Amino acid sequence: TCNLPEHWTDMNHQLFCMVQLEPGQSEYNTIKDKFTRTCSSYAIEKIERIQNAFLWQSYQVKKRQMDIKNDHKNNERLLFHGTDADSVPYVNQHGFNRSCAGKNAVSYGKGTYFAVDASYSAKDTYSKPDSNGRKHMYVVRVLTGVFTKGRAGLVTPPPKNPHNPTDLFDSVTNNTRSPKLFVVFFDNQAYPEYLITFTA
């Protein structure tokens, strides 16, 4: 699938690959710094770039649509998502699925949740340590677009005007002034870009 970004490595005609990043090169350093800004006490085992051509293609289609609809290109944020080891193969291949969100982690709506700070996704309740103590967190491109405060029980973002109920916000947050989380409610509004495997 097309418009692959220039920093991906050649995939030998594969449509999906996980590429372990070389420590000390610019790309690895950039992601490490984002994580260590709030997670300096954790130890990074490796960082992998997710090269999922089909997921990227569908995400970029949604990004172009949101850029057109909102009349600007300020629609993407880089956020974090902690998950358990058993969900990692699914996310790598299929992205994030609101139908899989826990349960008790839905306080601002029934969508997929993304943290501004890696430290929040680093909680064991999200990046559940596996049998060997390894924890997993994604660095995610998220199409947050135009957002509003969320609330429990939402299944889609609220409309921007209750008298035009189909023109929706793009995401919801806990606090519009100083957001710490964003929730998106549609597939392919979030692209898992890097996987960080780390320990306490």
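Rigid core: the largest C-alpha set superposing within 1.5 Å between the two forms. Sequential numbering from 1, following the sequence displayed.
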property	result
Which of 106 to 114 and 78 to 86 lies farther from this form in 9 other deposited structures of this protein, as RMS of C-alpha positions after a rigid core fit	106 to 114
More shifted region, core-based fit in 9 other deposited structures of this protein, 9 to 17 vs 177 to 185 by CA	9 to 17
Unmodelled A122 in at least one third of other entries with both flanks present	no
Other compared entries missing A101, a third or more	yes
Higher-B stretch (mean Cα B-factor, as the entry records it), 64 to 72 or 137 to 145	64 to 72
Greater mean Cα temperature factor according to the PDB record, 98 to 106 or 114 to 122	98 to 106
Selection from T156, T173, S58, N164 [criterion: highest C-alpha temperature factor in the record]	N164
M11, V184, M18, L181, ranked by C-alpha B-factor: the highest one	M11
Cα B factor band for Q25 (lowest, middle or highest third within the chain)	highest
Where the record places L168 (Cα B-factor, split into thirds across the chain)	middle
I47 - Cα temperature factor, lowest/middle/highest third of chain	middle
